[PDB]
Amino acid sequence: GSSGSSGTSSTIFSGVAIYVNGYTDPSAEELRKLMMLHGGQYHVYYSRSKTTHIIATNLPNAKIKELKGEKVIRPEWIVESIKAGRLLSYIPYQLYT
């Protein structure tokens, strides 16, 4: 099973699982598809094995304690990368690093 012309053949997000937590822009639903369409993976629940990164805009002092070590990138790192059509950097997109 396969389609003729998918649209934008780009594997800039190959094997890249993301997990939106809390309020984010765009919304989680948006990033949910943008991923699959860009060869990405979406997880409803937070996984330490499946999910590779943690998408989020802001986290409470408490949460920052439960995510001491992981890489929380802003929801803008993907949006921008898509709009440009190429994978961008994440360093500057790291909230608490």
# chains A, B, ... in the order shown; residues from 1 in each chain; ligands from 1

$ select_by_dssp --residues "chain A" --states "strand (DSSP E or B)" --output "list in words"
residues 17, 18, 19, 20, 41, 42, 53, 54, 55, 73 and 94 of chain A

$ write_last_selection --atoms "C-alpha atoms" --output "PDB file, in the first residue's frame"
ATOM      1  CA  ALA A  17       9.357  10.910  18.584  1.00  0.00           C
ATOM      2  CA  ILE A  18       7.900  13.993  20.268  1.00  0.00           C
ATOM      3  CA  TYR A  19       5.600  14.446  23.261  1.00  0.00           C
ATOM      4  CA  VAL A  20       3.666  17.671  23.835  1.00  0.00           C
ATOM      5  CA  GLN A  41       6.242   9.667  15.680  1.00  0.00           C
ATOM      6  CA  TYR A  42       3.570  10.815  18.130  1.00  0.00           C
ATOM      7  CA  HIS A  53      12.237  14.474  23.110  1.00  0.00           C
ATOM      8  CA  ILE A  54       9.760  16.394  25.266  1.00  0.00           C
ATOM      9  CA  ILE A  55       7.960  19.228  23.483  1.00  0.00           C
ATOM     10  CA  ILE A  73      12.602  21.478  23.263  1.00  0.00           C
ATOM     11  CA  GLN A  94      16.294  23.951  24.900  1.00  0.00           C
TER      12      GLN A  94
END

$ residues_around --residues "residue 82 (chain A)" --least-positions-apart "3" --cutoff "10 Å" --atoms "only C-alpha atoms" --output "number ranges by chain"
A: 10, 12-13, 34-35, 38, 76-79, 85-88

$ atom_distance --atom1 "CA of residue 72 (chain A)" --atom2 "CA of residue 39 (chain A)"
20.2 Å

$ closest_atom_pairs --of "region 3-44 of chain A" --to "region 57-63 of chain A" --cutoff "8 Å" --atoms "only C-alpha atoms" --output "JSON lines"
{"residue": "A:22", "atom": "CA", "partner": "A:58", "partner_atom": "CA", "distance": 7.9}
{"residue": "A:23", "atom": "CA", "partner": "A:57", "partner_atom": "CA", "distance": 7.0}
{"residue": "A:24", "atom": "CA", "partner": "A:57", "partner_atom": "CA", "distance": 5.7}
{"residue": "A:25", "atom": "CA", "partner": "A:57", "partner_atom": "CA", "distance": 7.8}

$ closest_residue --among "A:84, A:44, A:37, A:56" --to "residue 11 (chain A)" --atoms "only C-alpha atoms"
A:37

$ atom_distance --atom1 "CA of residue 7 (chain A)" --atom2 "CA of residue 21 (chain A)"
28.8 Å

$ residues_around --residues "residue 52 (chain A)" --least-positions-apart "3" --cutoff "9 Å" --atoms "only C-alpha atoms" --output "ChimeraX atom specification"
/A:15-19,47-49,70-71

$ select_by_dssp --residues "region 31-73 of chain A" --states "helix (DSSP H, G or I)" --output "PyMOL selection string"
chain A and resi 31-37+63-66

$ closest_residue --among "A:97, A:6, A:1, A:31" --to "residue 43 (chain A)" --atoms "only C-alpha atoms"
A:31
